[PDB]
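Single chain ahead, written as structure tokens, the form deposited in one PDB entry.
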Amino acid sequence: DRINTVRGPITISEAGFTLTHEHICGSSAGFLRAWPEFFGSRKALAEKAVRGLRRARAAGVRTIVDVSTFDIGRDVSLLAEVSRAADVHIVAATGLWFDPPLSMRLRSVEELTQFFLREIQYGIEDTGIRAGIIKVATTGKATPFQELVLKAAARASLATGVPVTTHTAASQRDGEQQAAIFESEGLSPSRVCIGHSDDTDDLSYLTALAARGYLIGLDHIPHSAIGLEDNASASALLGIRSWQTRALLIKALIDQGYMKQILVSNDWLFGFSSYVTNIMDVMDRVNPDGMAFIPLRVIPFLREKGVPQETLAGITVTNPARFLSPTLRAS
């Protein structure tokens, strides 16, 4: 009946319109604290995040799920501060992305399970802030270490009921391997969201996963390097497909009957150090709406394409609630 946020537990009904894959800051463990000037200042970053969150809130966003793990440099204190200042619920994550340091990479599945459980059950660091989701990732075939992470993520989810969300190389169909690993651990597909799924047009891939019960994360909607074909780093990161092409995947999935398995987001951020310098500026120019892009542009676009109001509400409110609600497997 309750979802853990950086301000404490909230009831399922309080979540409202939720963005399921976002970040306050995309960084590295200890980075923000060791070199805050990379972002101007910690204060400047916080203020930027507050402005953006307030704008998203004005557009109807009530909660965001910050899928920043330990290795994405998640700073829960920052999350709590901006959540309170902007009055937006923020769900924190545990798990490991693709940049784990040696102290993590050398751990066993059992040790990692303990670490994920710690963050979900006791709290992140010494803050008492409990994670409400487990984030994992692969970029093509999983590495041996990534397989361990996925297994530990499954074990932690099974013990706590918190869902798992992933980063994929959609092109490479990472989702299938991820699903395989999760199922080998007994995890229900309904507890998993296969992310960045809009990065591919393979509707066969998407639909096959949906059919098995997985949640499909169409969270890269505003990501596009169109108009910047000349910026190699940006093109590499953002792609050359339009936001409309990506958004159309939502309707496609709806049309195929999987409206209840879709999760939409922007995968936006206010600071980004884990890539080339200046990527944030480039991204902000591409999508000035930031996290508000979904409600301001995507939802109206889909409605214009014939998606009914109730399906839109179902996707942005109902689906996230059901996914985030901690749910233990029936015995």
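In this text, residue numbers run from 1 along the sequence as written.
Another form, the form solved in complex with a small molecule, is not on view; read the next lines as being about it.
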Tell me, which of 31, 293, 272, 301 has a heavy atom within 4.5 angstroms of the small molecule in the bound PDB entry?
272
Answer key, the small molecule contact in the bound PDB entry at 4.5 Å (heavy atoms) among 112, 156, 131, 72: the residue is 72
Counting only non-hydrogen atoms and a 4.5 angstroms cut-off, does residue 97 reach the small molecule in the bound PDB entry?
yes
Within 4.5 Å, heavy atoms only: does residue 267 come near the small molecule in the bound PDB entry?
yes
Check whether residue 89 has any heavy atom within 4.5 Å of a heavy atom of the small molecule in the bound PDB entry, and answer yes or no.
no
Contact with the small molecule in the bound PDB entry for residue 191, defined as at least one heavy atom pair within 4.5 Å: yes or no?
no
